[PDB]
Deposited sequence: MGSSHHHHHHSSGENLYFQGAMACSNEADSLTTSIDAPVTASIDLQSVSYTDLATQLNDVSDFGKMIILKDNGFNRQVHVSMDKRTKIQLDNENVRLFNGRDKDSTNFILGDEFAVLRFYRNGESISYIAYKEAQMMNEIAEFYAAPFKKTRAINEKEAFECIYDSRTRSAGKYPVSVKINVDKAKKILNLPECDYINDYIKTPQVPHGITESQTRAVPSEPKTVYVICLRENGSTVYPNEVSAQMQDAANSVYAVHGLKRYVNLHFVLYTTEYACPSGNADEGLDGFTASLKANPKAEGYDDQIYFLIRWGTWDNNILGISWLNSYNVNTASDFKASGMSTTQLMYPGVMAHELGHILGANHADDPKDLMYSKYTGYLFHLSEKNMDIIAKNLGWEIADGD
């Protein structure tokens, strides 16, 4: 009698019908696979707004104990949950030609070195009687199979609408599911701290820019990105918003992203100071969240399970009490307000 999603044949239509059924009161959906089940209570994420090149993308969350998240756009749908501490994404594109391009893209690195457990890290999901309907990627198993070299860092009455204006770097190709996952992880990292949804509602937008980094250097790239915003007339009057140059790859010495530390404050934001750069590749979730953290004043953390750890860890939440205080204050929150 309960609704369910079969991960052995999950398509865009499967996720789209289920997620489009979720009312304001939430919906119970059972995630089904071979040797797997999970009843989740899905609800619409009504805090975050997303447009990718003017295309509305919706977010859905399960309960805290479900570790499940969803992304639903008109052309793609994503299911991301945690199973034995590993992140598993099911990415389904609506158009047959696009799903094949996406499946080819995600399958290519494994085609070089055949894996002992390829099906556990990456698998093409097929229709129940050929073209794939979705792809399954266990990020944690994939990074172990691919032997990927290390990428890292160095060094109110109504909530306020803050725009996170993402700009696809000139010459870059970013993938919709990949970009909106970095965005979903960024907003959720923020709303998890001190009940910040009462203070801010993040609106992510994505456009293309004529600006491209003049070299592989990330410091020179961000300096140039900030300077390009100040000279861009399409950004005149938006100097008080958050900005990100997004690309698929990384910068020199495998830098995942960069940003100006403590560059945003709901009352002092100006001169496009609150800007950064980020990769959007699926194998490194939480990079945009980590940079959005630095932009909101968060410092490098001592806990290896913290999002703001000095090194890249795959964790997506702020665990540091000092960082949570700094971030929430920058968004207008005070200790007297509570959580």
query: Gaps in the model (deposited sequence, numbered from 1); finding: 1-38, 168-172, 199-218
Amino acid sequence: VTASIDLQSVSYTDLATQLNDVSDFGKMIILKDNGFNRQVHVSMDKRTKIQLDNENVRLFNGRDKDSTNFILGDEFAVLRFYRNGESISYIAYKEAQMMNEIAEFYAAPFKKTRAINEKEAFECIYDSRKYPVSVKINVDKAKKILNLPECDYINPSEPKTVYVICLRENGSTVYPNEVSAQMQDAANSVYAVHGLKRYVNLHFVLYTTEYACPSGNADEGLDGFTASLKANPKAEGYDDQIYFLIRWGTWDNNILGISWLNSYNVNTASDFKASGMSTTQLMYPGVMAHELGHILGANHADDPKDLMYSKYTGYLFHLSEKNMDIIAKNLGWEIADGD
From here on, numbers count along this sequence of modelled residues.
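Take the two forms, superpose them, and find the largest set of C-alpha atoms that agree within 1.5 Å; that set is the rigid core.
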item: Which of 29-37 and 50-58 lies farther from this form in 5 other deposited structures of this protein, as RMS of C-alpha positions after a rigid core fit; value: 29-37
item: Stretch with larger C-alpha RMS deviation in 5 other deposited structures of this protein, core superposed, 187-195 versus 113-121; value: 113-121
item: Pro156 dropped in a third or more of the other entries; value: yes
item: Missing-residue flag, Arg129, threshold a third of other entries; value: yes
item: Selected stretch [higher average CA B-factor]: 205-213 or 110-118; value: 110-118
item: Stretch with the higher entry mean CA B-factor, where the candidates are 20-28 and 325-333; value: 325-333
item: Highest-ranked of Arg198, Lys94, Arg80, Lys130 once sorted by CA temperature factor in the record; value: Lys130
item: Options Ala218, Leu72, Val179, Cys166 - largest CA temperature factor per the record; value: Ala218
item: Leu148 - which third its CA temperature factor falls in, relative to the rest of the chain; value: highest
item: CA B-factor placement of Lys49, once the chain's modelled residues are sorted into thirds; value: lowest
item: Position of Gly62 among the chain's modelled residues by C-alpha B-factor, lowest, middle or highest third; value: lowest
item: Within-chain third of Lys230 by Cα B-factor, per the entry; value: highest
item: Assigned third (lowest, middle, highest) for the C-alpha B factor of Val190; value: lowest
